[PDB]
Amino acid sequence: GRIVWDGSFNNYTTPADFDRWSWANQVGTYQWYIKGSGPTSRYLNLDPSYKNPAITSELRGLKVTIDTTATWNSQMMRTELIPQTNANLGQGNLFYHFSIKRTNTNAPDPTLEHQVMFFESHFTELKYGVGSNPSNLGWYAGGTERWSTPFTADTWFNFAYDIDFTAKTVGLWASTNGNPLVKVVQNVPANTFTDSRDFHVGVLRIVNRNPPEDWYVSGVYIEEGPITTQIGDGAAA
């Protein structure tokens, strides 16, 4: 359905593009303040190879990097953007889309806990490096893992959070690469409150140390229903 907020990176061509935003000048589509003291290019980079190639409407993807200097409100490793919008991202039934992957370079550490693509309250999020299968990418809702999959290098993992803000439930749509989203977890109860500036597009890791981690993110947006299941122009399916 209609796109409520568009996290396309098409207008974000270099790291400095994220620096245009400030609390006094809330331009563009992303808030950029949850970060270390380093230059933005230490944490956020943009490139055509950083996207899910099946997402044909996008020129590039985002490499999110955490290192030992990525420290904002604590020693935890954090590199996170937040949607910038005047819209209500927390009423009705909305679908929070994104695609994520890792490579073999600066591979996330499966021995350490990560929270990724999370709301402030963690009512839904992805984690890595935790639980029974720490090398799995798990999706959580209401504090409980509902789904997980081996976090295979170079595989593009497509997701949508199917959030019913009225009934206060969240389900999960998922697929890989160019395949269309299928609903893999039916909606489960959670405290779905969002203030519409508290969804964290990025990565938190609790334990701080070298070496760095790269996560890749593309095709980020939030739409009304009915869900768009097709990835890109559908050609890679």
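In this text, residue numbers run from 1 along the sequence as written.
If you average the CA temperature factors as listed in the entry, which stretch comes out higher, 148 to 156 or 77 to 85?
The recorded data point to 148 to 156.
Out of 211 to 219 and 225 to 233, which stretch has the higher average CA B-factor listed in the record?
Per the PDB record, 225 to 233.
Which has the highest CA B-factor per the PDB entry: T124, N133, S99, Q115?
Of the candidates given, the C-alpha B-factor peaks at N133.
Out of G61, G202, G28, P189, which one has a C-alpha B factor higher than all the others in the entry?
The listed residue with the largest C-alpha B-factor is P189.
Assigned third (lowest, middle, highest) for the C-alpha B factor of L94:
Within its chain, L94 is a lowest-third residue by C-alpha B-factor, going by the deposited values.
Where the record places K183 (Cα B-factor, split into thirds across the chain):
According to the entry, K183 has a C-alpha B-factor in the chain's highest third.
Against its chain's modelled residues, does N106's Cα B factor rank lowest, middle or highest third?
Its C-alpha B-factor belongs to the middle third of this chain's values.
Of the three thirds of its chain by CA temperature factor, lowest, middle or highest, which one includes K35?
As the PDB entry reports it, the C-alpha B-factor of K35 lands in the lowest third of its chain.
Which third of the chain does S41 land in by C-alpha B-factor: lowest, middle or highest?
According to the entry, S41 has a C-alpha B-factor in the chain's middle third.
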